[PDB]
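Chains as they are written, first to last, in the entry's author numbering: chain L, 2 to 213; chain H, 4 to 228; chain R, 16 to 354, 359 to 390.
Just so it is clear, CB atoms sit at the ideal spot from N, CA and C, and this is done for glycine as well.
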Amino acid sequence: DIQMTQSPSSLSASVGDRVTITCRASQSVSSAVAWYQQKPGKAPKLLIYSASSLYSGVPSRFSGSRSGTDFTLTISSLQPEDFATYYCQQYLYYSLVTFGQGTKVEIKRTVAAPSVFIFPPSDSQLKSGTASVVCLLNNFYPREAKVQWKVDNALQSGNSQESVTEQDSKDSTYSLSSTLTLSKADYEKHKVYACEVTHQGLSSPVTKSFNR
Amino acid sequence: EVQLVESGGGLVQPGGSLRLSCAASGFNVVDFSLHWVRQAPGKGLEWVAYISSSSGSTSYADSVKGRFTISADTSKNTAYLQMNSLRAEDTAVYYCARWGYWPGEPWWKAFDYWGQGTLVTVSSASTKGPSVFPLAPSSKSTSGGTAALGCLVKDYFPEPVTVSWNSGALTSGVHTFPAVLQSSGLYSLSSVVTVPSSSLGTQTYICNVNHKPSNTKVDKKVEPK
Amino acid sequence: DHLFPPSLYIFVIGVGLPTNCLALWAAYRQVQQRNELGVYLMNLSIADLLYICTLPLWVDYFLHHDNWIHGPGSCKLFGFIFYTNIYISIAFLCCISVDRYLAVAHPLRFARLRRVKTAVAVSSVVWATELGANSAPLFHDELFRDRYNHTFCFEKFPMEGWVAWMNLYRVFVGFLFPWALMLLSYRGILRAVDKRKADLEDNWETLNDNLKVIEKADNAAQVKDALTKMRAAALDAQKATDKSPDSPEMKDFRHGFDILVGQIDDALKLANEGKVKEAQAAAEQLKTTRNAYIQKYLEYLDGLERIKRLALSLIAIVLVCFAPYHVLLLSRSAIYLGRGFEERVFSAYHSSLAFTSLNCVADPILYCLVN
Ligand SMILES: CCc1nn2c(C)cc(C)nc2c1Cc1ccc(-c2nnc(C3CCNCC3)o2)cc1
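Shown next as structure tokens:
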């Protein structure tokens with residue numbers, strides 16, 4: 002029941018930059034908050050225990066502290082190796098263990114809107130009784146994006162999927178794609194299937210569309 | 004050397020069961036409390052279960068009470084998690100972690116050692132090879148620029164599908180998206196390569212789709228109409 | 016009227032010599048126990064012997080002679096000793112107030128300073144600095160003949176100019192600077208002690224009320240959350256109990272808290288099992304553990320109060336022994352340096372000069388405040 006809330010669910014920072022991650026306990030927790038670093042595909046590693054002390058082997062770059070119920074993790078200077086998801090964890094008792102939701106430290110970059118492409122369904126899947134329309138957003142620098150699927154200008158919901166790549170190892174950008182799922186019966190109707198893409202880096206939504 | 008080694012994961016149908024193991028090296032199972040921590044794909048960490056073989060004390064997260072049983076056998080220096088009546092929601096990577104006993108540093112230091120983790124996937128889906136579709140670019144799209152060409156690898160199961168282009172020759176400008184689980188219980192990938200518009204003609208591009216679990220290899224040519 | 020100084024000095028010699036010898040003995044024994052304050056007290060006690068060994072001649076001067084039969088060098092020497100005693104005593108009382116401040120306010124931050132070797136290095140610096148500041152006449156004798164007479168040993172009635180300026184320096188830097196530091200240390204001690212004490216009451220109340228609820232709780236969920244907060248309080252209190260020098264009493268408190276936390280865990284798991292007997296388990300085990308550490312806690316509270324008493328009594332000592340002298344020295348300097360009780364001021368000044376010798380009595384008293 003002792004919930005922990007991490008504020009900066011996503012934090013962008015440069016290499017050499019100062020990073021602060023703040024976590025709040027729902028109730029009093031003694032200095033029994035640990036911080037863990039998780040890299041994709043790996044089990045979490047302990048960085049800080051007892052809301053302060055470093056675990057042996059952990060670089061001096063890491064530190065943290067408690068102020069009442071507010072706990073922080075500070076990376077004094079990010080190294081290329083510190084871009085990881087950090088978790089806040091409460092340890093008052095074996096059965097009461099809870100984790101915060103985690104905060105991801107991303108590599109900071111400048112802003113650029115993605116290139117947007119539409120990939121219509123073709124005969125090789127339409128013959129199976131299904132259809133799918135794929136909208137692709139390439140090389141977006143910030144993480145946040147919103148993609149709306151519209152058919153004959155109706156806004157659809159609940160019939161699409163989305164997938165986002167990790168920051169590219171050379172560019173530090175993201176690519177996003179989404180798929181509109183239709184049965185053949187739905188694809189056989191309507192004329193225009195459009196992808197409306199809105200980003201913080203755009204002054205206005207950009208649309209690309211498929212006219213059957 | 005201090006190790007926690009998980010094993011026993013795999014594919015189970017809903018309502019079925021798995022017995023995960025956590026072998027210890029360096030330290031004994033009886034020397035510390037063992038915890039299972041779960042990580043659903045794309046989610047944060049969830050504590051699942053605890054055992055302390057030194058006191059005979061166990062506990063479970065509310066989400067698994069009466070469903071999971073945790074036990075240990077110190078004669079083999081191995082702990083176990085018995086997962087019965089599994090639901091789709093139990094798909095996750097299960098990690099075994101070491102937290103010591105109060106008083107002192109072994110307790111304040113919490114999950115110092117984690118095992119490698121093992122994946123439990125709960126699904127009614129049978130093994131399926133892919134349906135592979137050409138996401139060919141239109142010649143009218145972003146004309147004069149870089150075209151995005153790709154392949155859609157649809158309705159496959161289980162998870163570990165590898166897609167490469169031109170048999171490993173094309174790595175530059177290639178984005179393979181994480182598969183999305185479909186409502187059908189099957190998965191779908193999309194793999195896109197960026198190519199100079201002119202290269203449309205020539206440089207035929209092949210999506211090489213490999214599914215070890217279904218002994219299936221599919222080679223598709225992606226070409227504009 | 017004129018017999019006051021001799022009588023005060025005879026009293027001071029008779030009391031200070033036995034008591035400065037006993038103070039040096041006690042301070043040395045305190046040093047053997049690795050109490051760094053025994054070094055400062057030893058430095059204080061020796062300074063008070065150095066002055067006392069000169070007082071027997073001043074009394075004879077006042078009672079049997081019409082002048083200073085010992086010659087100008089015995090006058091320059093006794094003046095030097097007098098000034099060094101005053102400023103050595105002030106500097107060491109300040110050092111004591113600042114290491115009690117650090118000991119209570121920053122118990123785990125400046126641990127390297129609460130050591131005998133550090134205190135000796137500090138005393139060496141203090142002694143060299145005081146001796147240098149008051150040694151100027153020993154390198155030029157015009158100074159002693161611009162400030163002091165050489166037929167009687169007192170400071171000349173008018174002040175040359177530099178004499179009043181050095182008197183203002185010594186009043187402001189010698190007295191007022193370390194006095195202000197002692198007052199700041201006292202208030203910092205009061206704040207640090209009142210905060211630690213107040214924080215140690217918050218934990219006691221959360222523990223007490225959570226135990227009361229466990230006593231009357233029905234559903235296991237409430238026993239569980241009560242134990243959760245009991246544990247948080249116990250860990251916070253142990254943190255409050257964690258100090259850098261590993262004092263023997265604090266180690267015992269740490270062990271007691273470990274026992275308490277273990278009992279809380281035993282009850283917490285018994286409760287998770289669902290056996291209602293946890294109510295009596297916790298209601299008896301935590302009560303039994305609290306039943307004995309309370310007397311030690313009371314001793315600790317008394318110790319903190321006795322630090323407050325030391326800082327306040329030490330300030331009172333500095334203000335009774337030295338304030339009337341620096342006050343009349345400042346008043347007699349503000350006159351030369353400006354434009359009538361004026362002679363009337365000169366036997367209140369001399370009476371306050373004699374009155375400053377009671378720091379040879381106060382110094383051996385501090386022994387009853389340290390331990
Ligand atoms: C307050 C006494 C005192 N103690 N003291 C010390 C410890 C150190 C120093 C540096 N100065 C002093 C003084 C100042 C001081 C004040 C008056 C005299 C003085 N006047 N006449 C005489 C004789 C004796 C009495 N009948 C007339 C002739 O003595 C001397 C000195």
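Local Cβ density within 10 Å of residue i, reported as buried at 16 or more and exposed below that
i        : result
L:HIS191 : exposed
R:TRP177 : exposed
R:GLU288 : exposed
R:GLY189 : buried
H:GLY148 : exposed
R:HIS17  : exposed
R:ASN223 : exposed
L:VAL30  : buried
L:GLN80  : exposed
R:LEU352 : exposed
H:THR124 : buried
Check whether residue i and residue j have beta carbons under 9 Å apart
i        : j        : result
L:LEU74  : L:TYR92  : no
H:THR219 : H:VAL225 : no
R:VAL186 : R:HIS80  : no
L:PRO41  : L:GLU167 : yes
H:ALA95  : H:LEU122 : yes
L:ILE76  : L:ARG62  : yes
R:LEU385 : R:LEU319 : no
L:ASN140 : L:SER116 : yes
H:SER191 : L:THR180 : yes
R:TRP194 : R:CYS109 : yes
R:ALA120 : R:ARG246 : no
R:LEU39  : R:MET57  : yes
H:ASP115 : L:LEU47  : yes
R:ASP161 : R:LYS91  : no
R:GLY277 : H:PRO106 : yes
L:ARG25  : L:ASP83  : no
L:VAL20  : L:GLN90  : no
DSSP state of residue i mapped onto helix, strand, coil
i                      : result
R:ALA134               : helix
L:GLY65                : strand
L:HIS191               : coil
R:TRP83                : coil
H:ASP115               : coil
H:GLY69                : coil
residue 231 of chain H : The question about residue 231 of chain H has no answer here: the residues shown for chain H are numbered 4 through 228.
L:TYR92                : coil
L:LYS147               : strand
R:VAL291               : coil
R:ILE384               : coil
L:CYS24                : strand
R:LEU123               : coil
R:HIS341               : helix
Beta-carbon neighbours of residue i, restricted to chain L and to distances below 7 Å
i        : result
H:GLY120 : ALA44
H:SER36  : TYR95
Neighbouring residues, chain R, relative to residue i (Cβ below 8 Å)
i       : result
H:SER58 : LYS284
H:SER74 : The contacting residues do not exist; H:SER74 stays about 16 Å from chain R at best.
Ligand 3 heavy atom lying under 8 Å from the CB of residue i
i       : result
R:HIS17 : With respect to small molecules bound, the structure shown includes ligand 1 and not ligand 3.
Chain L residues whose Cβ lies nearer than 8 Å to that of residue i
i        : result
R:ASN287 : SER96
R:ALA294 : Ordered by position in chain L, no residue passes the 8 Å Cβ test against R:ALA294, which lies about 18 Å from the chain.
R:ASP240 : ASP2
Proximal chain H residues relative to residue i, where beta-carbon distance stays under 7 Å
i        : result
L:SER176 : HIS178
L:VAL135 : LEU138, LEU155, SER193
Contacts that residue i makes with chain L (C-beta to C-beta distance below 9 Å)
i        : result
R:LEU275 : Residues of chain L passing the Cβ test: none, with the nearest at roughly 13 Å.
Neighbour list for residue i in chain H, Cβ cutoff strictly below 8 Å
i        : result
L:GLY103 : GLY47, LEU48
R:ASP280 : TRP105
Proximal chain R residues relative to residue i, where beta-carbon distance stays under 7 Å
i                      : result
residue 250 of chain L : What is shown of chain L runs 2 to 213, which leaves residue 250 of chain L out entirely.
Only counting runs of 4 or more residues, tell me where the alpha helix (DSSP H) segments fall wholly within the segment 50-78 of chain R, in order along the chain. The segment 50-78 of chain R contains these whole alpha helix (DSSP H) runs: 52-67.
Uninterrupted alpha helix (DSSP H) stretches inside the segment 211-242 of chain R (no shorter than 4 residues): With a minimum length of 4 residues, no continuous alpha helix (DSSP H) run stays inside the segment 211-242 of chain R.
What are the complete beta strand (DSSP E) segments, minimum 3 residues, inside the segment 302-339 of chain R? The DSSP assignment places no complete run of the beta strand (DSSP E) inside the segment 302-339 of chain R (cut-off: 3 residues).
Could I get the ranges of all uninterrupted alpha helix (DSSP H) runs contained in the segment 101-156 of chain H, with 4 residues as the minimum, in chain order? Within the segment 101-156 of chain H, the runs of alpha helix (DSSP H) that reach at least 4 residues and sit entirely inside it are, in chain order, 108-111.
Secondary structure, alpha helix (DSSP H): runs of 4+ residues fully inside the segment 171-217 of chain R: Runs of the alpha helix (DSSP H) inside the segment 171-217 of chain R: 177-184.
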